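Okay, so we've got a single protein chain in two different forms coming up as structure tokens, structure 1 first and structure 2 after it.
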Structure 1
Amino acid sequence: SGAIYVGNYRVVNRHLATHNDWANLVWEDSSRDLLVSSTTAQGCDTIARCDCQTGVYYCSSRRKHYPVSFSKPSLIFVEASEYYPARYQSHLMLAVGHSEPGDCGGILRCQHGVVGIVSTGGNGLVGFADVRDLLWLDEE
């Protein structure tokens, strides 16, 4: 579990979005496993605006933050998970690291702020859904 809290927006894995998220929907994309909902209080997170490929991510199944190198976002064949079929996911970044299903929502951060959230796992990789192309998270 985990979210990004930027302005009056809550960014979560689409597959973990709650009824309240869907009832207060701003934007969602199944291809990228992302959903954004509205918030009452303003959030503490800043979104990175950058092409960094190094950062740190939180791994709940280890209670640890790990430094990683990651790819720029791509269309990656993701093997079957407990929450998704074997399928293609867009705007996905991969790193070598530990990821189990419950690690979804962990933040990846660079020197510029929040890059994305854990979205995929298995076979010694962790995948992150990128948010840095969502400039509209910074305004309105």
Structure 2
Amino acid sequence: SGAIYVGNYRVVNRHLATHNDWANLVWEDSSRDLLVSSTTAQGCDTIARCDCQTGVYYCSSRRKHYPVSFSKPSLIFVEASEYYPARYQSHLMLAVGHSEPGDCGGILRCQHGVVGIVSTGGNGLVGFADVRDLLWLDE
């Protein structure tokens, strides 16, 4: 679990979005595993606007933050899960590192701010749904 709180928006993994998120839906993209809902309280997080390929992510299955090198956001084949069939998930960045299903939502950050959230993993890899291109989160 986990979310990003920026302005009047809450960004979560689409597969983990609650009834409240869907009742206050702003935007959703199943191909990115993202959903954004509206909030009443102002969020304090800052979205990174960059091309960094190194950062630190929070891994709940280890209660630890790990530094990683990650690939540029791309279309990557993601295996079928109990939430989606097999498909290309877009805007995904992979790194070598530990992840387990409950780790979705952990934030990946660089010096410029929030880069994205854990979305995929397994076989010693972890994948992050990028949010840096969503410039509308800043207004």
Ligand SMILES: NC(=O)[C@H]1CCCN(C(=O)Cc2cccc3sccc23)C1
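Please note that residue numbering is based on structure 1, beginning with 1 at the start of its sequence. What we label the rigid core is the largest C-alpha set whose atoms superpose within 1.5 Å from one form to the other.
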The chain seen in the form deposited with this ligand bound is the one numbered 2
Identify which of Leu75, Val96, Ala41, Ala86 has its C-alpha displaced by 2 Å or more between structures 1 and 2 once the rigid core is superposed.
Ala86
For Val115, what C-alpha shift in Å results between structures 1 and 2 following superposition on the rigid core?
0.2
